[PDB]
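Shown next: protein.tsv, given as TSV, C-alpha atoms.
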chain	number	residue	atom	x	y	z
A	125	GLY	CA	-8.59	19.87	7.63
A	126	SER	CA	-11.64	17.65	8.08
A	127	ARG	CA	-12.91	18.35	4.55
A	128	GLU	CA	-9.82	16.78	2.97
A	129	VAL	CA	-8.41	13.26	2.74
A	130	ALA	CA	-4.74	12.83	3.59
A	131	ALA	CA	-2.43	10.15	2.22
A	132	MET	CA	1.15	9.85	3.48
A	133	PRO	CA	3.91	9.06	0.90
A	134	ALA	CA	4.44	5.45	1.97
A	135	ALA	CA	0.75	4.60	1.63
A	136	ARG	CA	0.47	6.75	-1.48
A	137	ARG	CA	3.44	5.13	-3.19
A	138	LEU	CA	2.34	1.59	-2.40
A	139	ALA	CA	-1.27	2.50	-3.16
A	140	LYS	CA	-0.23	3.57	-6.66
A	141	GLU	CA	2.01	0.52	-7.05
A	142	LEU	CA	-0.73	-1.81	-5.81
A	143	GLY	CA	-3.51	-0.20	-7.81
A	144	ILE	CA	-5.86	0.62	-4.95
A	145	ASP	CA	-7.91	3.78	-4.41
A	146	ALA	CA	-6.31	5.25	-1.29
A	147	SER	CA	-9.61	7.07	-0.82
A	148	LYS	CA	-11.26	3.68	-0.58
A	149	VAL	CA	-8.63	3.12	2.11
A	150	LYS	CA	-10.16	4.86	5.13
A	151	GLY	CA	-6.97	6.46	6.41
A	152	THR	CA	-6.70	6.88	10.17
A	153	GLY	CA	-3.20	8.38	10.22
A	154	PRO	CA	-2.42	11.69	12.00
A	155	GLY	CA	-4.30	14.25	9.94
A	156	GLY	CA	-6.49	11.80	8.07
A	157	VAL	CA	-3.49	10.30	6.29
A	158	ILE	CA	-3.97	6.77	5.02
A	159	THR	CA	-1.26	4.91	6.88
A	160	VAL	CA	0.89	2.25	5.27
A	161	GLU	CA	-0.64	-0.30	7.59
A	162	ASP	CA	-4.04	0.87	6.39
A	163	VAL	CA	-3.35	0.28	2.70
A	164	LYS	CA	-1.35	-2.89	3.35
A	165	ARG	CA	-3.94	-4.44	5.64
A	166	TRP	CA	-6.70	-3.67	3.15
A	167	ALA	CA	-4.71	-4.79	0.10
A	168	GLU	CA	-4.27	-8.12	1.87
A	169	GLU	CA	-7.91	-8.12	3.01
A	170	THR	CA	-8.82	-8.40	-0.67
A	171	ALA	CA	-6.39	-11.21	-1.50
A	172	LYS	CA	-7.29	-12.84	1.81
A	173	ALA	CA	-10.83	-13.26	0.49
A	174	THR	CA	-11.08	-16.68	-1.16
A	175	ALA	CA	-14.76	-17.15	-2.00

This structure in structure tokens:
Amino acid sequence: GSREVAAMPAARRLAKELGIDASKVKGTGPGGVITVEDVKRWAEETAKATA
């Protein structure tokens, strides 16, 4: 399924609890699933940005 974006539960759950568009989170997990590390790393990438 290349014409569909996957989003595992862990990343999905946190994504919904964090308020981030998992789609915006280029998932690289087996089957195009946005991995937890993907959402977490990005979520922090935003907060990491100071200026």

Nearby residues (all atoms listed in the file) at most 10 Å from residue 128 of chain A, same-chain spacing under 4 positions excluded, as a list in words: residues 155, 156 and 157 of chain A

Near-segment 132-149 of chain A list (7 Å; all atoms listed in the file; drop same-chain fewer than 5 positions) as an MDAnalysis selection string: chainID A and resid 157:160 162:163

Point-to-point distance from atom CA of residue 154 of chain A to atom CA of residue 129 of chain A, Å rounded to tenths: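 Atom CA of residue 154 of chain A sits 11.1 Å away from atom CA of residue 129 of chain A.
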
Point-to-point distance in Å for atom CA of residue 151 of chain A and atom CA of residue 168 of chain A: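 Between atom CA of residue 168 of chain A and atom CA of residue 151 of chain A the gap is 15.5 Å.
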
Atomic distance atom CA of residue 174 of chain A - atom CA of residue 152 of chain A, expressed in Å with one decimal: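 It comes out at 26.5 Å.
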
Pull segment 142-169 of chain A out of the block and emit N, CA, C and O atoms, as a tab-separated table (two decimals), in the first residue's frame.
chain	number	residue	atom	x	y	z
A	142	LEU	N	-0.68	14.74	21.64
A	142	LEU	CA	0.26	15.84	21.48
A	142	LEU	C	-0.34	16.95	20.63
A	142	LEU	O	0.00	18.12	20.79
A	143	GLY	N	-1.24	16.57	19.72
A	143	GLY	CA	-1.88	17.55	18.86
A	143	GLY	C	-1.09	17.81	17.59
A	143	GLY	O	-1.06	18.93	17.09
A	144	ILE	N	-0.46	16.76	17.06
A	144	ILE	CA	0.32	16.89	15.83
A	144	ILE	C	-0.27	16.05	14.71
A	144	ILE	O	-0.74	14.94	14.94
A	145	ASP	N	-0.23	16.58	13.49
A	145	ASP	CA	-0.74	15.87	12.33
A	145	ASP	C	0.21	14.74	11.95
A	145	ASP	O	1.25	14.98	11.33
A	146	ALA	N	-0.13	13.52	12.34
A	146	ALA	CA	0.72	12.37	12.04
A	146	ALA	C	1.11	12.33	10.57
A	146	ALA	O	2.18	11.83	10.21
A	147	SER	N	0.26	12.89	9.71
A	147	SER	CA	0.55	12.94	8.29
A	147	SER	C	1.74	13.85	8.06
A	147	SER	O	2.61	13.56	7.24
A	148	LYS	N	1.80	14.92	8.84
A	148	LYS	CA	2.90	15.85	8.78
A	148	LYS	C	4.16	15.13	9.25
A	148	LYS	O	5.29	15.52	8.94
A	149	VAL	N	3.94	14.05	10.01
A	149	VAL	CA	5.02	13.22	10.53
A	149	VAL	C	5.37	12.11	9.55
A	149	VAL	O	4.83	11.01	9.62
A	150	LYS	N	6.28	12.41	8.62
A	150	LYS	CA	6.70	11.44	7.62
A	150	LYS	C	7.10	10.11	8.26
A	150	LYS	O	8.25	9.92	8.65
A	151	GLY	N	6.13	9.21	8.38
A	151	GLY	CA	6.38	7.92	8.98
A	151	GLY	C	7.25	7.02	8.12
A	151	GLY	O	7.03	6.89	6.92
A	152	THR	N	8.24	6.40	8.75
A	152	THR	CA	9.15	5.50	8.05
A	152	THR	C	9.06	4.08	8.62
A	152	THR	O	9.91	3.23	8.35
A	153	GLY	N	8.01	3.82	9.41
A	153	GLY	CA	7.83	2.51	10.00
A	153	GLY	C	7.39	1.47	8.99
A	153	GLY	O	6.79	1.80	7.97
A	154	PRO	N	7.67	0.18	9.26
A	154	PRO	CA	7.29	-0.93	8.37
A	154	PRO	C	5.87	-0.81	7.84
A	154	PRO	O	4.90	-1.03	8.57
A	155	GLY	N	5.75	-0.45	6.57
A	155	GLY	CA	4.44	-0.30	5.96
A	155	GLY	C	3.99	1.15	5.92
A	155	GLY	O	2.80	1.43	5.79
A	156	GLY	N	4.95	2.06	6.04
A	156	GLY	CA	4.62	3.48	6.02
A	156	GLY	C	3.98	3.95	7.30
A	156	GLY	O	3.28	4.96	7.31
A	157	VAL	N	4.19	3.22	8.39
A	157	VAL	CA	3.60	3.59	9.67
A	157	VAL	C	4.48	4.59	10.40
A	157	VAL	O	5.66	4.34	10.64
A	158	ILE	N	3.89	5.72	10.80
A	158	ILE	CA	4.64	6.71	11.54
A	158	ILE	C	5.04	6.12	12.88
A	158	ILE	O	4.19	5.82	13.72
A	159	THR	N	6.33	5.89	13.06
A	159	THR	CA	6.81	5.28	14.28
A	159	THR	C	6.79	6.25	15.44
A	159	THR	O	6.82	7.47	15.26
A	160	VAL	N	6.74	5.70	16.64
A	160	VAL	CA	6.71	6.51	17.85
A	160	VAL	C	7.90	7.45	17.90
A	160	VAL	O	7.77	8.61	18.29
A	161	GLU	N	9.04	6.94	17.49
A	161	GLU	CA	10.26	7.73	17.47
A	161	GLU	C	10.13	8.86	16.45
A	161	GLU	O	10.73	9.92	16.60
A	162	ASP	N	9.32	8.63	15.43
A	162	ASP	CA	9.11	9.64	14.40
A	162	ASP	C	8.34	10.82	14.97
A	162	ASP	O	8.76	11.98	14.86
A	163	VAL	N	7.20	10.52	15.58
A	163	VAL	CA	6.35	11.56	16.17
A	163	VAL	C	7.04	12.24	17.35
A	163	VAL	O	6.94	13.46	17.51
A	164	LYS	N	7.72	11.46	18.18
A	164	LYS	CA	8.39	11.99	19.35
A	164	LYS	C	9.54	12.91	18.96
A	164	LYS	O	9.67	14.02	19.49
A	165	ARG	N	10.37	12.45	18.04
A	165	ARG	CA	11.50	13.24	17.58
A	165	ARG	C	11.04	14.54	16.96
A	165	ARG	O	11.65	15.59	17.17
A	166	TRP	N	9.96	14.49	16.19
A	166	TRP	CA	9.43	15.70	15.56
A	166	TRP	C	8.82	16.62	16.60
A	166	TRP	O	9.11	17.82	16.64
A	167	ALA	N	7.96	16.07	17.46
A	167	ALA	CA	7.32	16.85	18.50
A	167	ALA	C	8.35	17.65	19.29
A	167	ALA	O	8.12	18.80	19.64
A	168	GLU	N	9.50	17.03	19.53
A	168	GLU	CA	10.57	17.69	20.26
A	168	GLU	C	11.31	18.66	19.34
A	168	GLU	O	11.81	19.69	19.80
A	169	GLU	N	11.36	18.34	18.05
A	169	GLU	CA	12.02	19.21	17.08
A	169	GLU	C	11.37	20.59	17.07
A	169	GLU	O	12.03	21.59	16.80
